[PDB]
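# Show me the folded form of this:
(one chain, ligands or ions: 1)
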Amino acid sequence: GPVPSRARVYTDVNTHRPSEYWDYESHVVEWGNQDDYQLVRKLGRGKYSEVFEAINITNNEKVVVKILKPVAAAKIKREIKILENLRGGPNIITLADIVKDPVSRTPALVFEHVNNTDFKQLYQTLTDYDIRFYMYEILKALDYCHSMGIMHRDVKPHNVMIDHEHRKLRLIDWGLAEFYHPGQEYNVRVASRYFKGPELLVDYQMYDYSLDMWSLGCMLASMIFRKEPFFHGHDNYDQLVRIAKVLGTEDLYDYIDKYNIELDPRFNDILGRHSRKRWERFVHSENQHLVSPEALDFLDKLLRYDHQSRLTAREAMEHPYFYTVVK
Ligand SMILES: CCc1ccccc1-c1ccc(CNCCc2nc3ccccc3[nH]2)cc1C
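Numbering: from 1, shown residues only. The relevant structure is shown in the block below.
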């Protein structure tokens, strides 16, 4: 059988909490009034959700309304519990209300307003300094949620909102997040394909917060190398192949050997044999302005097969890549 694993930080947080903190199934949902909101304009598409800019008619303030499609609606109590648990934490989106449409019976989550900067402009124009600044803001949110015993499990640019004018960042869409309990075997059908950690791709269920750090490394690699996504897999098996073509197969095998992971028969002939590539190989005239020895060192410490060997969010904040960032 696979060798068990546990996080190297925040392992005990959920055992020292009352059952109501993590037992989301027991939570009773207090429904607000849907008549309190008037829909202004759409700016989101998501996966199983539609996002609108609205006005809360009781205080004339702008809000964000997330209407949930049936898939997301099924796990509402978990998303509500996590959002309520993290409310007020650094760079965490603020849940303001929970409403239900009496016509369609579909629920919605209402959040604080974020005046988002166009996502393409951000990808195309953020400087080296800005990337370090916002990567640091993302680490604040991840260290906070991990410290609160929660893994996001869907870290990707679509789930990070940035108001560049106010240098304001929020980590959003906690619909896939879960409470971390040591020894628990989780569903590996999480995150979005391009950001899935090797643990998910090889069906290693006993993962932890460190999955978020792999996804964060995928975002960083895409940004500094100007390749979106960085690991462009055609499907979940090919995803691992794309990863192995950069990180190499030797280390992949060492990882599966360390945890006694049984690989899927169809991987052995498709994984082939690949050497570990030097990060400097992805550096070109059009991306040299975003790359530094510190950025490559940092990236190297996130993009590791062994989930136990990746920097934690708190360790990542101490990295030299952030020394330039005004704190
Ligand atoms: C490579 C991504 C990256 C790497 C390193 C540092 C920053 C980034 C990054 C992160 C996020 C964004 C902007 N993401 C907006 C997505 C979004 N808008 C929404 C509006 C409505 C509903 C849902 C939404 N969801 C941009 C960058 C550059």
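
# And the strands in the protein?
Taking DSSP state E as the criterion, the chain contains strands spanning 37-42, 49-56, 61-68, 95-100, 107-112, 150-151, 160-163, 168-171, 178-179.

# Show me which residues of the fifth one are buried.
In this case it means strand 107-112. Within strand 107-112, the residues that qualify as buried are 107-111, counting by 16 or more other Cβ atoms under 10 Å. C-betas here are computed from N, CA, C, even on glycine.

# Can you report how many residues neighbour the residue in the chain that the ligand sits nearest to?
Residue of the chain nearest the ligand, by Cβ to the nearest ligand atom: residue 44 (2.7 Å). Close neighbours of residue 44, defined as other Cβ atoms under 10 Å, add up to 18.

# For the residue nearest to it when sequence neighbours are not counted, list the residues it contacts.
Closest residue to residue 44 apart from its sequence neighbours, by Cβ to Cβ, 6 or more residues apart in numbering: residue 51 at 2.6 Å. Residue 51 is in contact with 42-45, 64-67, counting by Cβ atoms under 8 Å, 6 or more residues apart in numbering.

# Could you give me the PyMOL syntax to select whichever of those are buried?
PyMOL command restricting the contacts of residue 51 to the buried ones, with burial defined by 16+ other Cβ under 10 Å:
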select buried, resi 44+64+65+66+67
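
# Quick check: of the contacts of residue 51, which lies closest to residue 126?
Closest to residue 126 out of those is residue 43 (19.4 Å), distances taken as Cβ to Cβ.

# Just list the residues touching that closest one, thanks.
Residues near residue 43 by Cβ under 8 Å, 6+ apart: 51-53, 116.

# Could you check how far it is from residue 52?
7 Å (Cβ to Cβ, to the nearest Å).

# cool, residue 211 as well?
30 Å.

# Then residue 214?
32 Å.

# Next, the buried residues of stretch 230-249.
In stretch 230-249, the ones that count as buried by 16+ other Cβ under 10 Å are 230-231, 233, 239-244, 246-249.

# Format the CA atom coordinates belonging to that stretch as PDB.
Extracted in PDB, the C-alpha atoms of stretch 230-249 (Å, rounded to 0.1, in the frame of the first residue of the first chain):
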ATOM      1  CA  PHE A 230       3.300  26.600 -18.200                       C
ATOM      2  CA  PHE A 231       2.400  22.800 -18.200                       C
ATOM      3  CA  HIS A 232      -0.100  22.400 -21.100                       C
ATOM      4  CA  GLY A 233      -1.400  18.900 -20.700                       C
ATOM      5  CA  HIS A 234      -4.000  17.500 -23.200                       C
ATOM      6  CA  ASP A 235      -5.600  15.400 -20.400                       C
ATOM      7  CA  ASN A 236      -4.600  14.300 -16.800                       C
ATOM      8  CA  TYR A 237      -2.100  11.600 -18.000                       C
ATOM      9  CA  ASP A 238      -0.500  13.900 -20.500                       C
ATOM     10  CA  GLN A 239      -0.300  16.600 -17.800                       C
ATOM     11  CA  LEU A 240       2.200  14.500 -15.900                       C
ATOM     12  CA  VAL A 241       4.100  13.900 -19.100                       C
ATOM     13  CA  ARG A 242       4.400  17.700 -19.700                       C
ATOM     14  CA  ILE A 243       5.600  18.000 -16.100                       C
ATOM     15  CA  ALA A 244       8.100  15.200 -16.600                       C
ATOM     16  CA  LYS A 245       9.500  16.800 -19.800                       C
ATOM     17  CA  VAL A 246      10.700  19.700 -17.600                       C
ATOM     18  CA  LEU A 247      11.400  18.200 -14.100                       C
ATOM     19  CA  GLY A 248      12.700  14.900 -15.500                       C
ATOM     20  CA  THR A 249      11.600  11.300 -14.900                       C
END
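
# Give me the contact status of it with the ligand.
No. Applying Cβ under 6 Å from any ligand atom, one finds stretch 230-249 out of contact with the ligand, separated by at least 8.9 Å.

# Would you state the helices of the stretch 51-200 of the chain in chain order?
70-74, 76-86, 119-125, 128-147, 198-201 (DSSP state H, counting those that start in this stretch).

# can I have the second one written out in CSV, keeping just the CAs?
Right, helix 76-86. Listed next in CSV are the C-alpha coordinates belonging to helix 76-86 (Å, rounded to 0.1, in the frame of the first residue of the first chain):
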residue,chain,number,x,y,z
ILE,A,76,-22.5,25.2,-0.5
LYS,A,77,-22.3,24.3,3.2
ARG,A,78,-18.5,23.5,2.9
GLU,A,79,-17.9,26.8,0.9
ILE,A,80,-20.0,28.8,3.4
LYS,A,81,-18.2,27.3,6.4
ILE,A,82,-14.7,27.9,4.9
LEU,A,83,-15.6,31.5,3.9
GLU,A,84,-17.0,32.2,7.3
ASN,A,85,-13.9,30.6,9.0
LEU,A,86,-11.5,32.7,6.9
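
# for that helix, which positions count as buried?
Applying 16+ other Cβ under 10 Å to helix 76-86 flags 76, 78-83, 85-86 as buried.

# Alright, calling it a day.
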